[PDB]
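Contents: one structure, followed by commentary.
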Amino acid sequence: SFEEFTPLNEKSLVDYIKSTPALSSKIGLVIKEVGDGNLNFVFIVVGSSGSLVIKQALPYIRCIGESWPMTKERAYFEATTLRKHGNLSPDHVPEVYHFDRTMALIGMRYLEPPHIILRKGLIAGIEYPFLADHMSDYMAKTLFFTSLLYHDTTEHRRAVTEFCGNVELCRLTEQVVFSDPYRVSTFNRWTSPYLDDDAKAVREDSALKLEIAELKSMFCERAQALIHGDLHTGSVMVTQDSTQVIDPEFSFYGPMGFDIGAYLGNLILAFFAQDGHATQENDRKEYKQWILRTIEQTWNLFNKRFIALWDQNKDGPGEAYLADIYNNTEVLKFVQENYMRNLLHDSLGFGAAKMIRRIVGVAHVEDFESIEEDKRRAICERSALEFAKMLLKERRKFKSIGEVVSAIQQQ
Amino acid sequence: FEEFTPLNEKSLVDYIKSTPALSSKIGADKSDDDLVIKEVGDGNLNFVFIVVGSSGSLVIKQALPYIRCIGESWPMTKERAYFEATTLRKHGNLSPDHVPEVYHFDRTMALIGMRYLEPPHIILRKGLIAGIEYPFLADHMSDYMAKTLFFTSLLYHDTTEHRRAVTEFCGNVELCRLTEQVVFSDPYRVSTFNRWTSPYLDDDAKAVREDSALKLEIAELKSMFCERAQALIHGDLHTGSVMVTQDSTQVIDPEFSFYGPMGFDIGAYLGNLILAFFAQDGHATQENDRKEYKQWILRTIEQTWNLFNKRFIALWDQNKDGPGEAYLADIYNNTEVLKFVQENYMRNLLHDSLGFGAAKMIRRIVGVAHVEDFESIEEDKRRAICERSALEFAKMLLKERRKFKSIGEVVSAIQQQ
Ligand SMILES: Nc1ncnc2c1ncn2[C@@H]1O[C@H](COP(=O)(O)OP(=O)(O)O)[C@@H](O)[C@H]1O
Ligand SMILES: Nc1ncnc2c1ncn2[C@@H]1O[C@H](COP(=O)(O)OP(=O)(O)O)[C@@H](O)[C@H]1O
Ligand SMILES: CSC[C@H]1O[C@H](O)[C@H](O)[C@@H]1O
Ligand SMILES: CSC[C@H]1O[C@H](O)[C@H](O)[C@@H]1O
Ligand SMILES: [Cl-]
Ligand SMILES: [Cl-]
Ligand SMILES: [Mg+2]
Ligand SMILES: [Mg+2]
Ligand SMILES: [Mg+2]
Ligand SMILES: [Mg+2]
Ligand SMILES: [Mg+2]
C-alpha cells in the first residue's frame, strides 16, 4: 500500500511490508498492534529472518478520535529526530530502518522483551541501576550538540526553518500543557469530587498563571535545541542494562528545560504515586528514596556531562560563547555556572507545569490512574499538585537539585 | 534587466523607463524631460538614488553582494533587499504614517523603488547633532514601536502564523550573522575590525574585553538575539534609520529585519538617543552650550518609553479577545490578573531594551561602525572624553539594568554620569 496515504491494519501491513524491500529484507508473519500511547498506531512484526516495529500516524489523535485532527506529517519529524538524536546517542535510541512520508510510516528496531515502558517499572517498584547514567548521557548529548554551543547560527537557522513544520503538535502542547489546566475546559478531568477545590485553585492562582505564561512564551519563541518534546517516563523503555528513548514526534527547536523538566517531573510524579502502591510486603519507603537518588543523580550527572561537552568543544564550531571572548578558565566557568543555574530553573518550571497538567488536564499518567481507590489516589495527587504549584512559583530560589529533593521530602 | 546588474546615475534612467511602476510616478513615460538622478547613500550597506522627474520624485535603493562601507572583501547576500521590501510593506501596513510607501520591488535587481522623503526631511541623527528639537518625535516613535512590535508578536499572531513568519525570516541569516559579530562579539575581544579614538580610549577598550560580568550579560543577550522569535523587528533601529521634519517622522532601512527580541529595536533607538546626549558637550559652543538641548533629549527618552509602555498595553487590552494566544482571555480572565501579567511583561521588556541599548552604545564606541554624533567632533581628545562618559554609562547599564524600575530612573542615572 504505497502511492497515497492508506491507514494500515494487521493484514494490509503484510502487503505493504512485502512491497517494501527496506522492511521485508529486515524480517525476511505475526503482527500485533500494541500502541498504548495517546496518538499513534504501533505494530510488532515477526518475522522469519527477524523482527521490527511499524509506527503509523493517522490524521487525528488516536485517544480522542476523529474530532481532534492532527497532521500525519508528525511522523516525518519523529523519524528525523529518531535519526538525529540516534546519531548523537546510538546506545539510547532505536535504529530507524525505513521511513515512508506518504504513508506517515516508520519502520524501526523492535525493543525486545524484557524491555518495558519505564513508567510501568516505576509503578512496579523496580530499580534501574543505569538509568541516571543513561538518561543524563542522552540528554547531555542531544541537547548540547543541537544547541548554539555547537551549531553555528547558519545551520541553527536552517534547522529551525525545518522544525517550524511541526507546528500542529506544538499547538497541541501549547493547549494541553500551557493553557487548559488554568481555565475551564471540557477536556480537563481530575479525581472528583476529591480534587474539585484543587482544580479551581489552579485556575484562580494569579502567580501560577504569570509563571505558566512566561514558560509558554519560552516554548513558543526560544529555539534553544532540538528537543524530544514529550520526554516523560512513558517515552523511555528499559531493562536492567538498556535504556531507550522513543516517540520524539513532538520534537522541534525549543527550550532545553522542556525535555529535562518532562523527564524529572515524571520521576517526581512517580515519587508521589508510591504511597498509593504501598502494600504490607512493600511499603515503597526504600523505593521512594531510590527515586529521589535517581532524580539527584540524573541532574548532577547531566550538569557534569553537559559542561564536559562544552569544555571539549569550547574552541568551535559553536558561536554562543566565542573562545576569544570567554578566554580563560575563570570567565568560562563563571558563564557556565550561570547557564546551568538558569537551565535548572527552566527545567523545574517546565517539570512543575507537566506535573500540573497530568493532574487536572486531559491526559493523565498511569502512576496515579492505576491506584484503584479514588480517595487514596486523590491524596497522592494533591501532594504532587501542591508540590508542583510551589515549584512553578518558587523554582528560582533553588540553588541545587539537592534542595529540590529536600523540598519533595518536606511535602 | 533579466540578470542582476549594479546601477549608476546613467543606467538607472534606462531602468526607470523600462519600469511602468517607476516611470509613471515621475513623468518619464510621457515627457522627454531629462531625469535628475543623484546617488546619495550615506549608510553602511547600500546605494540610494534620488530621482526627480517633471511630475514627481522617488528613491531607488539597490543592494550589491557586499557591504558598501567595507567593499568586496565583505560579501553580503543581495537577498537582504527582499527582506527590506517585505518589512517596509509589513511595518508600513501597521504604521503607514511612519514608514515610506513602497512603489516597486525587483528581486533580480535587488532593487526597491519607494517614496522620497522630501526636504526638509533629514536623518534624525543629523538633527540631534544640529541641536534641533522635534516636538512630535516621542508621540510618533512610541506609536511606531508599539504598532510594529505588538502586531507581529504572539500577543496578536496565533502560533501557526508566527511559525510561518519565522520560517520566512530565517532566510535573512547573513545579516543576522553580521549583527551577531559586530554587536555581540567583536567589542569583547581583540578584532582587526575594532577601532576607537586612540590612544585616549586604549585603556577603556581593554577594560571592555576584560570585564567578566559584562561578558556574561552580552552572552545572554546574544543568545536571546539568536534564539528568541518575539516579533518582527526592524533590526537596525538607530537614529540614522529615522528621517524627520518638525511634523513628520519616518522609519527607513529595515533590511536587517527578522523574528527577534523586541528589546533590540527599542534599545537600538533609545540607546542612540543616549549616545546623542553624551555627544552634545562635544558640539557645544560659547553661543549654544547645548545644556537646554541635552534636557530635551532626556525628556524625549522618558516620553518615548512611557508612551510606548501605555500604548503597547492599550493594543494588548484592545486585542485581548483577538487571535493572539500568548495570554488567552479565559485564563487571564479579569482586569486585575491581566494588568498583573502585563506589568511584569513590560518590566522585563524595559530590562531587555536597556540591555540591547547598552550593547549598541558599547559597539559604536569600540567597534567597526561608529556614529556621526562622536565622529563629527573634530578634536580627538575632546571626542574621547564624551565617548568615555557614554561607554562608562553603557557598561553600568548593561550590567545593572535589572535594578531600574522606570525610564525616569535611567534618565536620573544619565544625569548622575
Ligand atoms: N521500538 C519499539 N520497541 C518496542 N516497543 C515499542 C517500540 N515503539 C513503541 N513501542 C510500544 O508502543 C507503545 C506506544 O509507542 P509510542 O511511540 O509511545 O506511541 P504514541 O506516539 O502513540 O505515544 C509504547 O508504550 C511501547 O509499548
Ligand atoms: N526614502 C528616502 N527618502 C529620502 N532619503 C532617503 C530615503 N531612503 C534613504 N534615504 C537617504 O539614503 C541614506 C542611506 O539610506 P539607508 O536606507 O539608510 O541605506 P543603508 O542601508 O546603506 O544604511 C539615508 O541616510 C538618507 O539620506
Ligand atoms: C490530548 S493530549 C495528548 C498527550 O499525549 C502525548 O503523548 C502528549 O504528551 C500529549 O500531551
Ligand atoms: C560592518 S557593520 C555595518 C553596520 O551598518 C548597518 O546599518 C548595521 O548597523 C551594521 O552593524
Ligand atoms: Cl508529561
Ligand atoms: Cl546602533
Ligand atoms: Mg508515547
Ligand atoms: Mg507520541
Ligand atoms: Mg541606513
Ligand atoms: Mg593608562
Ligand atoms: Mg541599511
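Numbering starts at 1 and runs along the chain as displayed.
In case you wondered, yes, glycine gets a Cβ from its N, Cα and C as well.
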Note: Swiss-Prot has A:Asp36, A:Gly37, A:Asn38, A:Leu39, A:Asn40, A:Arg109, A:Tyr110, A:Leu111, A:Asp247, A:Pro248, A:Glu249 binding ATP, and from A:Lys55, A:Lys120 that site also includes A:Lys55
Please check the gap where 7 residues are unmodelled: Cα of A:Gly28 to Cα of A:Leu29, in angstrom. 10
Round to the nearest Å and give the CA-to-CA distance linking A:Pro248 (ATP binding site) with A:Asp230 (substrate binding site). 7
Work out how many Å separate A:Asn38 (ATP binding site) and A:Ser1 (N-acetylserine) at their Cα atoms, rounded off. 25
Which listed residue (A:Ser1, A:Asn38, A:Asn40) has most other Cβ within 10 Å, given these are recorded positions: A:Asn40
Calculate the distance in Å between the alpha carbons (Cα) of A:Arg357 (substrate binding site) and A:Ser1 (N-acetylserine), and round it to a whole number. 39
Please identify, from the binding-site residues A:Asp36, A:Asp230, the residue with the sparsest Cβ neighbourhood, meaning fewest other Cβ atoms within 10 angstroms. A:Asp36
Which whole number of Å gives the largest C-alpha distance between any two of A:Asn38, A:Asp230, A:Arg357, the residues noted as binding substrate? 15
When the Cα-Cα distance from A:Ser1 (N-acetylserine) is computed for each of the binding-site residues A:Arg109, A:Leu111, A:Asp230, which gives the smallest value? A:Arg109
Go through A:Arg109, A:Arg357, the listed binding-site residues, and name the one with the sparsest Cβ surroundings, counting other Cβ atoms within 10 Å. A:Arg109
